[PDB]
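Dumped run.cif below, it's mmCIF, C-alpha atoms:
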```cif
data_target
loop_
_atom_site.label_atom_id
_atom_site.label_comp_id
_atom_site.auth_asym_id
_atom_site.auth_seq_id
_atom_site.Cartn_x
_atom_site.Cartn_y
_atom_site.Cartn_z
CA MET K 1 50.36 -27.02 -78.00
CA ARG K 2 49.74 -26.68 -74.26
CA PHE K 3 50.66 -28.90 -71.32
CA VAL K 4 49.36 -28.83 -67.75
CA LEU K 5 51.96 -30.23 -65.35
CA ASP K 6 51.34 -32.17 -62.15
CA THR K 7 54.08 -32.43 -59.48
CA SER K 8 55.15 -35.86 -60.84
CA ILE K 9 58.10 -35.04 -63.14
CA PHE K 10 59.64 -32.91 -60.36
CA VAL K 11 58.81 -34.45 -56.99
CA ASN K 12 58.03 -38.15 -57.57
CA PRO K 13 61.41 -39.92 -57.23
CA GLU K 14 60.42 -42.74 -59.61
CA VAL K 15 59.47 -40.35 -62.46
CA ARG K 16 61.44 -37.18 -61.87
CA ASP K 17 64.60 -39.28 -62.04
CA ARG K 18 64.11 -39.32 -65.81
CA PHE K 19 64.86 -35.59 -65.65
CA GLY K 20 67.35 -35.30 -62.78
CA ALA K 21 68.68 -36.77 -59.55
CA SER K 22 66.98 -34.05 -57.46
CA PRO K 23 63.89 -31.86 -57.88
CA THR K 24 66.10 -28.87 -58.71
CA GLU K 25 68.03 -30.77 -61.39
CA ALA K 26 64.78 -32.30 -62.69
CA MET K 27 63.32 -28.81 -63.02
CA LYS K 28 66.52 -27.57 -64.70
CA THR K 29 66.35 -30.33 -67.30
CA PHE K 30 62.65 -29.62 -67.87
CA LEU K 31 63.26 -25.88 -68.27
CA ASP K 32 66.02 -26.51 -70.83
CA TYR K 33 63.40 -28.27 -72.98
CA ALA K 34 60.84 -25.59 -72.18
CA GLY K 35 63.26 -22.85 -73.19
CA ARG K 36 63.96 -24.54 -76.51
CA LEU K 37 60.20 -24.66 -77.18
CA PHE K 38 59.41 -21.09 -76.01
CA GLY K 39 56.73 -19.43 -78.18
CA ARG K 40 55.64 -22.74 -79.68
CA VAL K 41 54.66 -24.87 -76.67
CA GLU K 42 53.30 -23.55 -73.37
CA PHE K 43 53.51 -25.20 -69.95
CA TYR K 44 50.96 -24.40 -67.23
CA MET K 45 50.48 -25.19 -63.56
CA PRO K 46 47.76 -24.08 -61.17
CA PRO K 47 49.33 -21.90 -58.46
CA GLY K 48 48.83 -24.47 -55.69
CA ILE K 49 50.68 -27.11 -57.71
CA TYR K 50 53.57 -24.71 -58.38
CA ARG K 51 53.87 -23.86 -54.67
CA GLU K 52 54.17 -27.58 -53.92
CA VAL K 53 56.99 -28.22 -56.40
CA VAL K 54 58.99 -25.13 -55.34
CA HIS K 55 58.89 -26.28 -51.74
CA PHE K 56 61.38 -28.88 -53.01
CA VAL K 57 63.12 -26.91 -55.80
CA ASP K 58 65.66 -24.09 -55.49
CA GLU K 59 63.64 -21.36 -57.19
CA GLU K 60 66.41 -18.74 -56.89
CA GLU K 61 68.87 -20.92 -58.76
CA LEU K 62 66.56 -21.42 -61.72
CA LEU K 63 65.92 -17.87 -62.88
CA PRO K 64 64.80 -16.68 -65.31
CA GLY K 65 63.47 -19.94 -66.76
CA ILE K 66 61.38 -21.06 -63.80
CA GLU K 67 59.33 -17.87 -64.07
CA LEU K 68 59.17 -17.46 -67.85
CA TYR K 69 58.59 -21.03 -69.01
CA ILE K 70 55.94 -22.19 -66.49
CA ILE K 71 52.66 -20.28 -66.56
CA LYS K 72 50.96 -20.05 -63.15
CA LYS K 73 47.25 -19.77 -63.85
CA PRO K 74 44.25 -20.73 -61.72
CA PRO K 75 41.39 -22.14 -63.78
CA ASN K 76 38.36 -19.94 -64.34
CA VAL K 77 35.40 -20.88 -62.15
CA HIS K 78 32.78 -18.14 -62.65
CA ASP K 79 30.08 -19.12 -65.18
CA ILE K 80 31.90 -22.42 -65.87
CA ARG K 81 29.92 -25.67 -66.05
CA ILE K 82 31.30 -29.17 -65.47
CA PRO K 83 29.79 -32.67 -65.54
CA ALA K 84 28.05 -33.68 -62.33
CA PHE K 85 30.13 -36.86 -62.02
CA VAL K 86 33.16 -34.64 -61.31
CA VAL K 87 31.83 -34.43 -57.75
CA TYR K 88 32.09 -38.23 -57.49
CA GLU K 89 35.61 -38.03 -58.93
CA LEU K 90 36.61 -35.57 -56.22
CA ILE K 91 35.01 -37.67 -53.49
CA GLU K 92 36.93 -40.81 -54.53
CA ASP K 93 40.10 -38.72 -54.78
CA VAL K 94 39.63 -37.48 -51.20
CA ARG K 95 38.96 -41.01 -49.92
CA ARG K 96 41.86 -42.45 -51.94
CA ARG K 97 44.35 -39.85 -50.68
CA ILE K 98 43.17 -39.88 -47.07
CA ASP K 99 43.28 -43.69 -46.76
CA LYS K 100 46.89 -43.68 -47.95
CA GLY K 101 47.73 -40.81 -45.61
CA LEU K 102 46.43 -42.79 -42.64
CA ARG K 103 48.70 -45.72 -43.50
CA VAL K 104 51.66 -43.36 -43.83
CA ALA K 105 50.78 -41.64 -40.56
CA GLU K 106 50.48 -45.03 -38.82
CA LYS K 107 53.74 -46.39 -40.22
CA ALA K 108 55.43 -43.14 -39.12
CA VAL K 109 54.24 -43.59 -35.52
CA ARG K 110 55.28 -47.21 -35.48
CA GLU K 111 58.89 -46.28 -36.28
CA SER K 112 59.29 -43.46 -33.73
CA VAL K 113 57.49 -44.89 -30.66
CA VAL K 114 58.92 -47.35 -28.14
CA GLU K 115 56.91 -49.62 -25.84
CA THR K 116 57.88 -47.53 -22.79
CA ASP K 117 56.18 -44.32 -24.02
CA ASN K 118 53.16 -43.05 -22.09
CA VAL K 119 49.63 -43.02 -23.52
CA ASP K 120 49.41 -39.24 -24.09
CA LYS K 121 52.67 -39.21 -26.09
CA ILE K 122 51.46 -41.96 -28.42
CA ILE K 123 48.09 -40.25 -28.95
CA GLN K 124 49.63 -36.86 -29.74
CA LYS K 125 51.93 -38.45 -32.34
CA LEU K 126 49.05 -40.24 -34.08
CA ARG K 127 46.70 -37.26 -33.85
CA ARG K 128 49.38 -35.00 -35.35
CA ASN K 129 50.09 -37.32 -38.25
CA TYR K 130 46.43 -38.15 -38.85
CA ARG K 131 45.58 -34.43 -38.96
CA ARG K 132 48.33 -33.91 -41.55
CA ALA K 133 47.05 -36.82 -43.64
CA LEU K 134 43.54 -35.32 -43.65
CA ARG K 135 44.60 -31.78 -44.49
CA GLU K 136 46.97 -32.87 -47.25
CA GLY K 137 44.40 -35.29 -48.67
CA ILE K 138 41.92 -32.42 -48.95
CA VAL K 139 44.25 -29.82 -50.48
CA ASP K 140 45.73 -32.30 -52.96
CA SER K 141 42.28 -33.40 -54.12
CA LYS K 142 41.37 -29.77 -54.68
CA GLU K 143 44.66 -29.33 -56.52
CA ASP K 144 43.76 -32.37 -58.65
CA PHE K 145 40.50 -30.62 -59.55
CA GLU K 146 42.41 -27.45 -60.49
CA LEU K 147 44.72 -29.42 -62.81
CA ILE K 148 41.77 -31.15 -64.48
CA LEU K 149 39.70 -28.01 -64.88
CA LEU K 150 42.69 -25.98 -66.10
CA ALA K 151 43.60 -28.57 -68.74
CA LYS K 152 39.94 -28.82 -69.79
CA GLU K 153 39.64 -25.05 -70.31
CA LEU K 154 43.00 -24.76 -72.06
CA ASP K 155 42.42 -27.91 -74.15
CA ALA K 156 45.86 -28.93 -72.90
CA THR K 157 47.54 -32.27 -72.27
CA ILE K 158 47.78 -33.28 -68.59
CA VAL K 159 51.19 -34.62 -67.53
CA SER K 160 50.93 -36.84 -64.48
CA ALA K 161 52.00 -40.18 -63.06
CA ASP K 162 48.87 -40.34 -60.88
CA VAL K 163 46.59 -43.07 -62.25
CA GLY K 164 43.54 -41.49 -60.62
CA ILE K 165 44.21 -38.22 -62.46
CA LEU K 166 44.78 -39.92 -65.80
CA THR K 167 41.55 -41.93 -65.51
CA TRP K 168 39.72 -38.77 -64.48
CA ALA K 169 41.20 -36.93 -67.48
CA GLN K 170 40.30 -39.82 -69.80
CA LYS K 171 36.67 -39.81 -68.60
CA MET K 172 36.35 -36.05 -69.18
CA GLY K 173 37.82 -36.23 -72.70
CA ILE K 174 41.01 -34.44 -71.64
CA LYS K 175 44.27 -35.21 -73.38
CA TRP K 176 46.90 -36.75 -71.10
CA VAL K 177 50.34 -38.35 -71.17
CA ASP K 178 52.09 -40.59 -68.64
CA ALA K 179 54.71 -38.46 -66.89
CA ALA K 180 57.21 -41.34 -67.08
CA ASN K 181 57.26 -40.83 -70.89
CA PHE K 182 57.28 -37.01 -70.85
CA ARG K 183 60.99 -36.50 -71.58
CA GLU K 184 60.58 -38.75 -74.62
CA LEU K 185 57.70 -36.58 -75.79
CA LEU K 186 59.68 -33.40 -75.14
CA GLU K 187 62.69 -34.77 -77.07
CA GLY K 188 60.37 -35.58 -79.98
CA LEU K 189 58.81 -32.12 -79.82
CA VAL K 190 62.22 -30.42 -80.11
CA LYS K 191 63.19 -32.67 -83.02
CA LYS K 192 59.86 -31.94 -84.77
CA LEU K 193 60.23 -28.18 -84.31
CA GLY K 194 63.95 -27.56 -84.89
CA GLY K 195 67.04 -26.31 -83.11
CA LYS K 196 69.67 -28.06 -81.03
CA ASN K 197 68.07 -30.93 -79.00
CA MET X 1 5.14 -27.83 -53.99
CA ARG X 2 8.07 -30.21 -53.53
CA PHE X 3 10.28 -30.87 -50.48
CA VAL X 4 13.61 -32.69 -50.27
CA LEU X 5 14.06 -34.08 -46.76
CA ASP X 6 17.29 -34.47 -44.85
CA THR X 7 17.51 -36.87 -41.89
CA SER X 8 16.93 -33.96 -39.44
CA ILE X 9 13.22 -34.21 -38.59
CA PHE X 10 13.67 -37.96 -37.96
CA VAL X 11 17.10 -38.66 -36.49
CA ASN X 12 18.33 -35.41 -34.88
CA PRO X 13 17.06 -35.57 -31.28
CA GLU X 14 16.94 -31.79 -31.01
CA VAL X 15 14.77 -31.46 -34.16
CA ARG X 16 12.76 -34.69 -34.53
CA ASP X 17 11.46 -34.30 -30.94
CA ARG X 18 9.19 -31.70 -32.42
CA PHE X 19 7.52 -34.58 -34.37
CA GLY X 20 7.93 -37.49 -31.91
CA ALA X 21 9.89 -38.88 -28.99
CA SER X 22 11.68 -41.41 -31.20
CA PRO X 23 12.60 -41.59 -34.90
CA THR X 24 9.71 -44.01 -35.52
CA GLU X 25 7.27 -41.73 -33.71
CA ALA X 26 8.64 -38.72 -35.61
CA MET X 27 8.19 -40.53 -38.93
CA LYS X 28 4.65 -41.52 -37.94
CA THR X 29 3.76 -37.90 -37.13
CA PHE X 30 5.37 -36.72 -40.37
CA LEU X 31 3.54 -39.35 -42.43
CA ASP X 32 0.32 -38.09 -40.84
CA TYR X 33 0.94 -34.69 -42.43
CA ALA X 34 2.34 -36.18 -45.65
CA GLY X 35 -0.70 -38.40 -46.14
CA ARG X 36 -3.12 -35.52 -45.70
CA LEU X 37 -1.19 -33.47 -48.30
CA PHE X 38 -0.94 -36.35 -50.80
CA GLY X 39 -1.68 -35.02 -54.26
CA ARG X 40 -0.87 -31.47 -53.13
CA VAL X 41 2.67 -31.69 -51.69
CA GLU X 42 5.40 -34.17 -52.64
CA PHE X 43 8.21 -35.31 -50.35
CA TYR X 44 11.50 -36.70 -51.67
CA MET X 45 14.64 -38.27 -50.24
CA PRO X 46 17.74 -39.48 -52.03
CA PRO X 47 18.02 -43.24 -51.49
CA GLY X 48 21.11 -42.96 -49.29
CA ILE X 49 19.29 -40.52 -47.01
CA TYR X 50 16.28 -42.82 -46.86
CA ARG X 51 18.41 -45.84 -45.92
CA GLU X 52 19.93 -43.74 -43.13
CA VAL X 53 16.54 -42.72 -41.75
CA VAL X 54 15.15 -46.27 -41.76
CA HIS X 55 18.18 -47.70 -39.96
CA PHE X 56 16.65 -45.87 -36.97
CA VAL X 57 13.00 -46.16 -38.05
CA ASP X 58 11.03 -49.40 -38.00
CA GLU X 59 9.92 -49.42 -41.63
CA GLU X 60 7.59 -52.39 -41.02
CA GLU X 61 5.62 -50.56 -38.36
CA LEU X 62 4.75 -47.68 -40.70
CA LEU X 63 3.17 -49.28 -43.79
CA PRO X 64 1.63 -48.22 -46.10
CA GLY X 65 2.43 -44.55 -45.54
CA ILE X 66 6.23 -44.71 -45.43
CA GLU X 67 6.23 -46.17 -48.94
CA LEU X 68 3.52 -44.02 -50.51
CA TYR X 69 4.27 -40.59 -49.08
CA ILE X 70 8.09 -40.43 -49.36
CA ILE X 71 9.54 -40.60 -52.87
CA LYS X 72 12.95 -42.27 -52.98
CA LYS X 73 14.67 -40.70 -55.97
CA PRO X 74 18.38 -40.32 -56.71
CA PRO X 75 19.24 -37.16 -58.64
CA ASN X 76 20.12 -37.58 -62.30
CA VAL X 77 23.88 -37.39 -62.93
CA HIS X 78 24.18 -38.56 -66.54
CA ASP X 79 24.48 -35.65 -68.98
CA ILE X 80 23.91 -33.21 -66.08
CA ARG X 81 26.10 -30.11 -65.77
CA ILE X 82 26.73 -28.13 -62.59
CA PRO X 83 28.60 -24.92 -61.76
CA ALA X 84 32.28 -25.45 -61.07
CA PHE X 85 32.11 -23.67 -57.71
CA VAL X 86 29.92 -26.55 -56.50
CA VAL X 87 33.17 -28.52 -56.22
CA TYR X 88 34.57 -25.87 -53.89
CA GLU X 89 31.34 -25.98 -51.89
CA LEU X 90 31.75 -29.74 -51.68
CA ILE X 91 35.35 -29.35 -50.51
CA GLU X 92 34.32 -27.02 -47.69
CA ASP X 93 31.51 -29.48 -46.84
CA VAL X 94 33.96 -32.40 -46.64
CA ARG X 95 36.20 -30.43 -44.29
CA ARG X 96 33.24 -29.38 -42.21
CA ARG X 97 31.97 -32.98 -41.96
CA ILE X 98 35.44 -34.40 -41.30
CA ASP X 99 36.09 -31.78 -38.59
CA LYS X 100 32.86 -32.77 -36.83
CA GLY X 101 33.96 -36.40 -37.03
CA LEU X 102 37.33 -35.58 -35.45
CA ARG X 103 35.53 -34.17 -32.42
CA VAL X 104 33.40 -37.34 -32.26
CA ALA X 105 36.50 -39.50 -32.74
CA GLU X 106 38.33 -37.36 -30.20
CA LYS X 107 35.82 -37.92 -27.37
CA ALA X 108 35.41 -41.60 -28.32
CA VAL X 109 39.13 -42.31 -28.15
CA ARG X 110 39.51 -40.27 -24.96
CA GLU X 111 37.05 -42.48 -23.18
CA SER X 112 38.09 -45.78 -24.76
CA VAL X 113 41.87 -45.70 -24.27
CA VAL X 114 43.24 -46.65 -20.82
CA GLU X 115 46.66 -46.44 -19.18
CA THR X 116 47.17 -50.20 -19.48
CA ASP X 117 46.85 -50.49 -23.26
CA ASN X 118 49.93 -51.57 -25.18
CA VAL X 119 51.04 -49.61 -28.27
CA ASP X 120 49.11 -51.82 -30.70
CA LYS X 121 45.90 -51.35 -28.71
CA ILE X 122 46.19 -47.55 -28.58
CA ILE X 123 46.85 -47.41 -32.33
CA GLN X 124 43.95 -49.72 -33.12
CA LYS X 125 41.53 -47.70 -30.98
CA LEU X 126 42.70 -44.47 -32.61
CA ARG X 127 42.74 -45.88 -36.15
CA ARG X 128 39.31 -47.48 -35.74
CA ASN X 129 37.66 -44.30 -34.45
CA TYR X 130 39.38 -42.04 -36.99
CA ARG X 131 38.51 -44.32 -39.91
CA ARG X 132 34.89 -44.30 -38.79
CA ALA X 133 34.92 -40.49 -38.58
CA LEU X 134 36.43 -40.30 -42.05
CA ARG X 135 34.01 -42.79 -43.58
CA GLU X 136 30.95 -40.99 -42.22
CA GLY X 137 32.36 -37.57 -43.13
CA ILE X 138 32.78 -38.77 -46.71
CA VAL X 139 29.36 -40.42 -46.97
CA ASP X 140 27.58 -37.42 -45.39
CA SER X 141 29.25 -34.98 -47.78
CA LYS X 142 28.21 -37.10 -50.77
CA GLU X 143 24.66 -37.36 -49.40
CA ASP X 144 24.73 -33.60 -48.92
CA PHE X 145 25.53 -33.21 -52.62
CA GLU X 146 22.75 -35.68 -53.50
CA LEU X 147 20.28 -33.66 -51.44
CA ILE X 148 21.48 -30.42 -53.05
CA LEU X 149 21.40 -31.74 -56.60
CA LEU X 150 18.02 -33.44 -56.10
CA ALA X 151 16.40 -30.23 -54.81
CA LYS X 152 17.99 -28.34 -57.72
CA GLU X 153 16.58 -30.68 -60.37
CA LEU X 154 13.13 -30.79 -58.77
CA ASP X 155 13.15 -27.08 -57.81
CA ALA X 156 12.22 -28.33 -54.34
CA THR X 157 12.68 -26.89 -50.85
CA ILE X 158 15.41 -28.47 -48.73
CA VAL X 159 14.36 -29.27 -45.16
CA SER X 160 17.41 -29.51 -42.91
CA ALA X 161 18.85 -28.42 -39.58
CA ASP X 162 22.44 -28.74 -40.86
CA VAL X 163 24.12 -25.35 -41.16
CA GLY X 164 26.41 -26.62 -43.93
CA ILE X 165 23.52 -27.75 -46.15
CA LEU X 166 21.43 -24.60 -45.66
CA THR X 167 24.37 -22.33 -46.41
CA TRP X 168 25.06 -24.43 -49.51
CA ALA X 169 21.42 -24.18 -50.60
CA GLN X 170 21.41 -20.39 -50.00
CA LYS X 171 24.51 -19.89 -52.18
CA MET X 172 22.97 -21.96 -55.00
CA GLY X 173 19.58 -20.25 -54.91
CA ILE X 174 17.82 -23.41 -53.69
CA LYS X 175 14.77 -22.92 -51.50
CA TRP X 176 15.21 -24.18 -47.96
CA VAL X 177 13.52 -24.07 -44.56
CA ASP X 178 14.95 -24.70 -41.10
CA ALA X 179 13.77 -28.20 -40.15
CA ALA X 180 13.12 -27.04 -36.57
CA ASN X 181 10.14 -25.09 -37.97
CA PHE X 182 8.87 -27.77 -40.37
CA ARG X 183 5.97 -29.06 -38.25
CA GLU X 184 4.85 -25.53 -37.87
CA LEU X 185 5.00 -25.20 -41.66
CA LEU X 186 3.19 -28.51 -42.12
CA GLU X 187 0.47 -27.48 -39.67
CA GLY X 188 -0.16 -24.35 -41.71
CA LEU X 189 -0.37 -26.33 -44.95
CA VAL X 190 -2.85 -28.80 -43.43
CA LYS X 191 -5.17 -26.05 -42.17
CA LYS X 192 -5.22 -24.86 -45.78
#
```

Encoded form using structure tokens:
Amino acid sequence: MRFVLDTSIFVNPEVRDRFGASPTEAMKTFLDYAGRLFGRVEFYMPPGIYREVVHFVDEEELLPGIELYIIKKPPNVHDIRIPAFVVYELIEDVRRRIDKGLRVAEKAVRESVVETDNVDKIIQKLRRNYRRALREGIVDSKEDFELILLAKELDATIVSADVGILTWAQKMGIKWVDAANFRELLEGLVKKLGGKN
Amino acid sequence: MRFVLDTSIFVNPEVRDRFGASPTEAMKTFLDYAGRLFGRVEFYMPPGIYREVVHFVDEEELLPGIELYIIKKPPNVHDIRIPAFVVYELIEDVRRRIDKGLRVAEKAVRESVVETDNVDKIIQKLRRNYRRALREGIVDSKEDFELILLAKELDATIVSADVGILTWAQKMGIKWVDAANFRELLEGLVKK
């Protein structure tokens, strides 16, 4: 049994809280389950996803588990074929993520700026935040593709709280589970396989 | 012989001028060649590309040719498989198209915003121009994929002046020609 993990159960405050009060504690709780399933169940992340979660998590404090129990593996691309509609999936993902980023970038400017600020100061704040929304929207959509393609090739279950990802997985015939229910699934996997829970 | 046409030879002033002084004139000149090659050479556009060209071209003033000699055909997507690296090509294309838009949005904001605008007005000018850059960057990248996939399925030659599209065609082993030389290519086909 193989799982491909999105950032959700570690970095999304409304789902990672089922595992811990911080990303580091959430990861620690996850790794305790992953350790108890070592050799029976494998957990994968594309490298770009892993780099995002460990921006928030204390990697040094979670050795050896953080390196042994999460497999960092980019999907294979050479000689691999995918449905053509995947391109439309990626396009909607980019538009979905960028539109949200623009709102976030706008709301961020409207909290920092005061009516007395000059024109150039206002423009540089919006341009900076808009540029960040675009670049993050693009990388994250590519990372979404990596997750999908990795789980497809591994015949693994995707673990995410992102509705767009789960619908995309569904359409491609990829197994998935809602990340909000992942701890429940992990608890049931330990009980099905033995050992202290 | 089959050709898949980008907007270039109709809407890009630096390329269509080789066919006519306006998009309508360019289309008229092109249809002149396309009519005389009817039955020998077929010309295709994805529907989204066609709608873009005829926003600038008076479709009414060019009947019957504009309807007979250009085949509007979306690529097939159902049950179609593509190489996975196409998605990476599309990602680079999106970034390329968005980057171009940012320059357009940049100059447009720079001219539109004035010292007197309140905070709401500056934000609305910036948001409006950036959203338009994003929207067009997204549509153009999807149309670029439609062009690419169409030419793939037809084994047709892409006709474009867009560096992104030609590089994408090259990587995928799709025939292409620089649209700046298309009239010259058409002239040589007609003499045949």

Item checked: Within 8 Å of segment 64-76 of chain K using all atoms listed in the file, minus same-chain residues under 5 positions, as JSON, numbers by chain -> {"K": [31, 34, 35, 38, 42, 43, 44, 45, 46, 47, 50, 59, 146, 149, 150, 153]}

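All chain X residues having an atom within 8 Å of chain K, based on all atoms listed in the file, amount to residues 77, 78, 79, 80, 81, 82, 83, 84, 85, 87, 88, 90, 91, 95, 114, 115, 117, 118, 119, 122, 123, 126, 138 and 142 of chain X.
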
I need the output of the PyMOL selection byres ((chain K and resi 172-174) around 10) for this file as a PDB file with C-alpha atoms, keeping the file's coordinate frame; which residues are they?
```
ATOM      1  CA  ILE K  82      31.300 -29.170 -65.470  1.00  0.00           C
ATOM      2  CA  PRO K  83      29.790 -32.670 -65.540  1.00  0.00           C
ATOM      3  CA  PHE K  85      30.130 -36.860 -62.020  1.00  0.00           C
ATOM      4  CA  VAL K  86      33.160 -34.640 -61.310  1.00  0.00           C
ATOM      5  CA  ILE K 148      41.770 -31.150 -64.480  1.00  0.00           C
ATOM      6  CA  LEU K 149      39.700 -28.010 -64.880  1.00  0.00           C
ATOM      7  CA  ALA K 151      43.600 -28.570 -68.740  1.00  0.00           C
ATOM      8  CA  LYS K 152      39.940 -28.820 -69.790  1.00  0.00           C
ATOM      9  CA  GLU K 153      39.640 -25.050 -70.310  1.00  0.00           C
ATOM     10  CA  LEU K 154      43.000 -24.760 -72.060  1.00  0.00           C
ATOM     11  CA  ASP K 155      42.420 -27.910 -74.150  1.00  0.00           C
ATOM     12  CA  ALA K 156      45.860 -28.930 -72.900  1.00  0.00           C
ATOM     13  CA  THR K 157      47.540 -32.270 -72.270  1.00  0.00           C
ATOM     14  CA  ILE K 158      47.780 -33.280 -68.590  1.00  0.00           C
ATOM     15  CA  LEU K 166      44.780 -39.920 -65.800  1.00  0.00           C
ATOM     16  CA  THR K 167      41.550 -41.930 -65.510  1.00  0.00           C
ATOM     17  CA  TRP K 168      39.720 -38.770 -64.480  1.00  0.00           C
ATOM     18  CA  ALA K 169      41.200 -36.930 -67.480  1.00  0.00           C
ATOM     19  CA  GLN K 170      40.300 -39.820 -69.800  1.00  0.00           C
ATOM     20  CA  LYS K 171      36.670 -39.810 -68.600  1.00  0.00           C
ATOM     21  CA  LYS K 175      44.270 -35.210 -73.380  1.00  0.00           C
ATOM     22  CA  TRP K 176      46.900 -36.750 -71.100  1.00  0.00           C
TER      23      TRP K 176
END
```

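The protein and nucleic acid residues lying at most 12 Å from residue 192 of chain K are residues 36, 37, 40, 41, 185, 186, 187, 188, 196 and 197 of chain K, with all atoms listed in the file considered and sequence neighbours fewer than 4 positions away removed.
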
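Near (66.0, -32.6, -72.5), the residues inside the 7 Å limit, counting all atoms listed in the file, come to residues 29, 30, 32, 33, 183, 186 and 187 of chain K.
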
Write out the residues from the selection above, keeping C-alpha atoms, as a PDB file, in the frame of the given file.
```pdb
ATOM      1  CA  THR K  29      66.350 -30.330 -67.300  1.00  0.00           C
ATOM      2  CA  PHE K  30      62.650 -29.620 -67.870  1.00  0.00           C
ATOM      3  CA  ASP K  32      66.020 -26.510 -70.830  1.00  0.00           C
ATOM      4  CA  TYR K  33      63.400 -28.270 -72.980  1.00  0.00           C
ATOM      5  CA  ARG K 183      60.990 -36.500 -71.580  1.00  0.00           C
ATOM      6  CA  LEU K 186      59.680 -33.400 -75.140  1.00  0.00           C
ATOM      7  CA  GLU K 187      62.690 -34.770 -77.070  1.00  0.00           C
TER       8      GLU K 187
END
```

Item checked: Hits from the PyMOL selection byres ((chain X and resi 181) around 12), listed as a VMD selection string -> chain X and resid 8 to 9 14 to 19 159 to 161 176 to 180 182 to 188

Notebook entry, point to check: Just so the selection is clear, what residues does the PyMOL selection byres ((chain X and resi 67) around 12) cover here, as a list in words?
Noted result: residues 27, 31, 34, 35, 43, 44, 45, 50, 54, 59, 60, 61, 62, 63, 64, 65, 66, 68, 69, 70, 71 and 72 of chain X

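Nearest-residue note for residue 53 of chain X: choosing from X:5, X:86, X:37, X:165, the minimum distance belongs to X:5, counting all atoms listed in the file.
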
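Between atom CA of residue 58 of chain K and atom CA of residue 14 of chain K the separation is 19.8 Å.
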
Next item on the list: Do a neighbour search on residue 170 of chain X at 12 Å with all atoms listed in the file, toss out local chain neighbours closer than 6 positions, and write the hits as a PyMOL selection string.
Entry: chain X and resi 89+148+152+157-158+163-164+176-178

Padding 5 Å on every side, please: axis-aligned box over the listed atoms of segment 25-42 of chain K, centre and edge lengths to one decimal in Å, as JSON.
```
{"center_x": 60.7, "center_y": -25.9, "center_z": -70.5, "size_x": 24.7, "size_y": 22.9, "size_z": 28.3}
```

Note to self: I'd like the neighbourhood of residue 150 of chain X as a list in words, where a residue qualifies if any of its atoms comes within 7 Å (using only C-alpha atoms), though same-chain residues fewer than 3 positions away should be ignored.
What the structure shows: residues 74, 75, 146, 147, 153 and 154 of chain X

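Atom to atom, atom CA of residue 49 of chain X and atom CA of residue 137 of chain K stand 25.7 Å apart.
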
Starting from the sparse input, extend segment 24-35 of chain K to N, CA and C atoms and give the output as an mmCIF file, keeping the file's coordinate frame.
```cif
data_model
loop_
_atom_site.group_PDB
_atom_site.id
_atom_site.type_symbol
_atom_site.label_atom_id
_atom_site.label_comp_id
_atom_site.auth_asym_id
_atom_site.auth_seq_id
_atom_site.Cartn_x
_atom_site.Cartn_y
_atom_site.Cartn_z
ATOM 1 N N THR K 24 65.491 -30.024 -58.047
ATOM 2 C CA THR K 24 66.100 -28.870 -58.710
ATOM 3 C C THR K 24 66.684 -29.265 -60.061
ATOM 4 N N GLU K 25 67.493 -30.328 -60.105
ATOM 5 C CA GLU K 25 68.030 -30.770 -61.390
ATOM 6 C C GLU K 25 66.923 -31.224 -62.341
ATOM 7 N N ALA K 26 65.906 -31.921 -61.829
ATOM 8 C CA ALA K 26 64.780 -32.300 -62.690
ATOM 9 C C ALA K 26 64.137 -31.068 -63.307
ATOM 10 N N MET K 27 63.875 -30.045 -62.491
ATOM 11 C CA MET K 27 63.320 -28.810 -63.020
ATOM 12 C C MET K 27 64.260 -28.168 -64.037
ATOM 13 N N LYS K 28 65.574 -28.176 -63.764
ATOM 14 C CA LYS K 28 66.520 -27.570 -64.700
ATOM 15 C C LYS K 28 66.469 -28.261 -66.051
ATOM 16 N N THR K 29 66.477 -29.593 -66.046
ATOM 17 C CA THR K 29 66.350 -30.330 -67.300
ATOM 18 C C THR K 29 65.039 -29.984 -67.996
ATOM 19 N N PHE K 30 63.928 -29.963 -67.251
ATOM 20 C CA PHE K 30 62.650 -29.620 -67.870
ATOM 21 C C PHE K 30 62.702 -28.233 -68.503
ATOM 22 N N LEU K 31 63.222 -27.246 -67.764
ATOM 23 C CA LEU K 31 63.260 -25.880 -68.270
ATOM 24 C C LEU K 31 64.133 -25.745 -69.521
ATOM 25 N N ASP K 32 65.217 -26.524 -69.608
ATOM 26 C CA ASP K 32 66.020 -26.510 -70.830
ATOM 27 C C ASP K 32 65.173 -26.908 -72.036
ATOM 28 N N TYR K 33 64.332 -27.941 -71.894
ATOM 29 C CA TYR K 33 63.400 -28.270 -72.980
ATOM 30 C C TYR K 33 62.378 -27.171 -73.164
ATOM 31 N N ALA K 34 61.859 -26.624 -72.067
ATOM 32 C CA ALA K 34 60.840 -25.590 -72.180
ATOM 33 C C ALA K 34 61.390 -24.341 -72.844
ATOM 34 N N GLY K 35 62.640 -23.987 -72.531
ATOM 35 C CA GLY K 35 63.260 -22.850 -73.190
ATOM 36 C C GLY K 35 63.389 -23.056 -74.685
#
```
